[PDB]
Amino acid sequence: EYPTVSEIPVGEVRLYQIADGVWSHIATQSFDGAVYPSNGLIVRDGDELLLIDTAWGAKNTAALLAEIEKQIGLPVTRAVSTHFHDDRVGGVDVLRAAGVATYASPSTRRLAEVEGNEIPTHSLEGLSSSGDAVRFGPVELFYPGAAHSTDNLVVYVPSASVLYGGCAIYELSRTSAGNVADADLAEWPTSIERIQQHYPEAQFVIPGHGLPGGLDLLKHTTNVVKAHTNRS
């Protein structure tokens, strides 16, 4: 019942209830004549919502907000982008125009600036060192160290045991490394181990793209990263 590319018109968003007061959002985007799904997180914060990641661009992001307004009907007051690439910050202006406070680490803000990407307004302090964790309302934010990118964060919802790995975690179907231009291949397995050691109790693991699963997505990503490392 998890939405895939074939059930999502490009420009539309679906929401998927993972657990109580936790949803993934699913959008699609064309890239290089391919069509990819993309996940984000929505977490109930009392009477308001915390959004994790944009829906990969302004049009998708406006559809996401409209879809939240329709299906949940609670206001999105804050949003966190998990790394500086366009699939996570693309649409930050749309959120901002709708009165959402947008957040990212100084690391992510710096890299987005350098990249010429949209720049979330507010800064998340205390994530600069590997293994750093900080509370952000109904979630914990964790910097495991460099993986898909030097700045990538993961999000844990303690109340629901939902780990959102963002693009540092691959779904099981993805058997080869994705787009690794900005990755730290050498540090990626160690960063996944930090996630393993810090959240052994996670029941649900949501990858940045594709199907959710359990904690084996961590070991899976390790396996894939290592196979890529050994390309010859």
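One-based numbering along the sequence shown.
When the C-alpha B-factors of 71-79 and 140-148 are averaged, 71-79 comes out higher. Averaged over their C-alpha atoms, the temperature factors of 82-90 and 124-132 are higher for 124-132. When the C-alpha B factors of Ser159, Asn117, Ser107, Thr102 are read from the deposited coordinates, the top value falls at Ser159. Per the deposited record, the Cα B-factor of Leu185 falls in the middle third when ranked against the other modelled residues of its chain. Sort the chain's modelled residues by C-alpha temperature factor and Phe31 lands in the highest third, per the entry. Per-chain ranking of the deposited C-alpha B factor places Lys226 in the lowest third. When the CA B factors of the chain's modelled residues are split into thirds, the value for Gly210 lands in the lowest one. Annotation for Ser191: CA B-factor lies in the lowest third of the chain's modelled residues.
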